[PDB]
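Lettering of chains follows the sequences in order, A, B, ..., and the numbering in each one begins at 1. What you see below is based on every heavy atom in this structure, not just the backbone, and it leaves out hydrogens, waters and symmetry mates.
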Amino acid sequence: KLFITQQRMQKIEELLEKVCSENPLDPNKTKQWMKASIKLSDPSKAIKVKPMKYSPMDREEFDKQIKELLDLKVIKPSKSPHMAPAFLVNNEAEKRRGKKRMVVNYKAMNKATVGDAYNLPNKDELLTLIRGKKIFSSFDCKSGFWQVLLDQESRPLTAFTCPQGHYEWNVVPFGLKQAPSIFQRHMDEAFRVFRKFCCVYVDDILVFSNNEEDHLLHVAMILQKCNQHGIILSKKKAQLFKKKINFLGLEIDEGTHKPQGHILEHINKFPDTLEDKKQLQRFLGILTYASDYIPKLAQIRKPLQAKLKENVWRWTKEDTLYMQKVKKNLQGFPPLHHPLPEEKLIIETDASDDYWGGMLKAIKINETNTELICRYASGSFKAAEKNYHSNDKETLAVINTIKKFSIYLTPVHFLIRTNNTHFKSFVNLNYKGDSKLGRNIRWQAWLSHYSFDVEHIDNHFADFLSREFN
RNA sequence: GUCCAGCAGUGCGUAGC
DNA sequence: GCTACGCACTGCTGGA
């Protein structure tokens, strides 16, 4: 018996081994393909930032990390006229990685260099590409920027300082403004030919297929592409043949998507009683990652945002009991539908005195159909917009929802459900009101770029949440 | 402390009424 | 007073 499929898996596993390494400059695995150029734009000047002070724990670790970096031959001793300070950072990735991360403050040199015009992808334009796919693999480059060689005139620009002195970089360092663009350009050049089953966000390669069979071919082609170009992957971070893949901070399924669980876990580390305002802004910061997933989250967040104002610190038993509910639903909100390419899309929108809301729905086809929720949007009205009439806030809710969902809606005939009985006449340029003509023509122009019908207006999760809060 | 991205916000200039 | 577009800056989070 053959087991030709297990043979293909071992072949994939060997291609993976062939392109993985812990050294981004690995002499057996790089062709020195990727090169970059960084230009002052006023070459006459010198960019000198005052150094920093270093504690012993940091002066120690620096010594360890600098020997590593010197050993990889990514940095080297420098007598450059430019200098930028290095420091260590300890954020949630570092805490769990077990190692402090070194950062060079390149703000001054970034102000001072010619930009790279090359744009990064939009996260929604990548996600819409994988709608319908069943199987995924994902690959992070090993310290990717460090695989791009800097030419001789550009390396002095990278010179930094640290306890052990004055070094510069032989490769593109993290923290330069051009680096994501330089790397994205290279990944697009290596892999654009496989755009039908592969996309890259800077650093991260995603392979997607609608079944295991295709995937064996798809992954092998990407891995043989890395080998051809000397692109070094990180074995520890390879996600091979997964039904659920982590990508762009999301957990994505054939039919569903949610934030990565390890992100919204940190909500449950906050107390029900916040000590100070600085901790409240830490809390609001992470609560941000639920906006696509909680209906009317702008409102839920407003009571808390108030406390942040300098004008206002007084925590109450209600403040405490508010935290508890908020914490309970900001973890364990249900995953949302990732719509198939051919599924018909609907947006339902609503408005209140101070906020707008909208919700994206898809029509799952069943031989009686079904409407699945894909994404939520919410926000509060600008200063001038609170004086809008109640029909125009409802129209604004339509516009803001489309804007948020525009990557999905733009190429498709979709359906808007609103409570503005005059919205239908308005978009058909049949609207009577001449009072605010310029704003109306502006909206009519903007809405003209979309193709849609209109209906007048089953979200029990949102009904639960509203009940449980007031 | 950089950089990308998420969320909220502040200021400013230019152009039109 | 309004609109627009686009520059500068701030706080927090995620991560490289």
Identify which nucleotide among [options] has an atom closest to any side-chain atom of [X], counting heavy atoms from C-beta outward.
| X | options | answer |
| --- | --- | --- |
| A:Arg442 | B:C7, B:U2, C:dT3 | C:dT3 |
| A:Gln281 | B:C7, B:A5, C:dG11 | C:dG11 |
| A:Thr288 | B:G6, C:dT13, B:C3 | B:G6 |
| A:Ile286 | C:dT13, B:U2, B:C7 | C:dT13 |
| A:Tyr289 | B:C7, B:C4, C:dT13 | C:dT13 |
| A:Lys278 | B:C4, B:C7, C:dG11 | C:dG11 |
| A:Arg301 | C:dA16, B:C7, C:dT13 | B:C7 |
| A:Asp203 | B:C3, C:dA16, B:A5 | C:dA16 |
| A:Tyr388 | B:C4, C:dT3, C:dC9 | C:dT3 |
| A:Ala384 | B:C7, C:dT3, B:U2 | C:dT3 |

Below 4.0 Å: OP1/OP2 of [N] and any side-chain N or O of [X]:
| X | N | answer |
| --- | --- | --- |
| A:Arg96 | C:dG15 | yes |
| A:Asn110 | B:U2 | no |
| A:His262 | C:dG15 | yes |

If each of A:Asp292 and A:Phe174 is mapped to the nucleotide of RNA chain B with the nearest heavy atom, which maps nearer the 5' terminus, i.e. the 5' end? A:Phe174
Whole angstrom is fine here: how far is it from NZ in A:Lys123 over to P in C:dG14?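 In whole Å, C:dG14 P and A:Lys123 NZ are 14 Å from each other.
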Within the 4.0 Å heavy-atom criterion, would you say A:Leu120 contacts the bases, only the backbone, or no part of the nucleic acid? sugar-phosphate
Quick one about A:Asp272 and A:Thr320 (side-chain donor to acceptor, distance below 3.5 Å, no hydrogens or angles considered), yes or no?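 Side-chain D/A pair, A:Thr320 to A:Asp272: absent.
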Can you see whether A:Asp188 engages A:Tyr118 through a side-chain donor-acceptor pair at a distance of less than 3.5 angstrom? yes
Residues in side-chain hydrogen bond (donor to acceptor under 3.5 Å, both in side chains) with A:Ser352, at least two apart? none
For A:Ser44, which residues count as a side-chain hydrogen bond (donor to acceptor under 3.5 Å, both in side chains) partner, sequence neighbours excluded?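 side-chain hydrogen bond (donor to acceptor under 3.5 Å, both in side chains) check on A:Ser44 returns A:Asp42.
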Does the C1'-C2'-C3'-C4' torsion put C:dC7 in the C3'-endo-side north group or the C2'-endo-side south group?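 It's north.
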Strictly under 6.0 Å, is that where the ring centroids of A:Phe197 and A:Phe208 end up? no
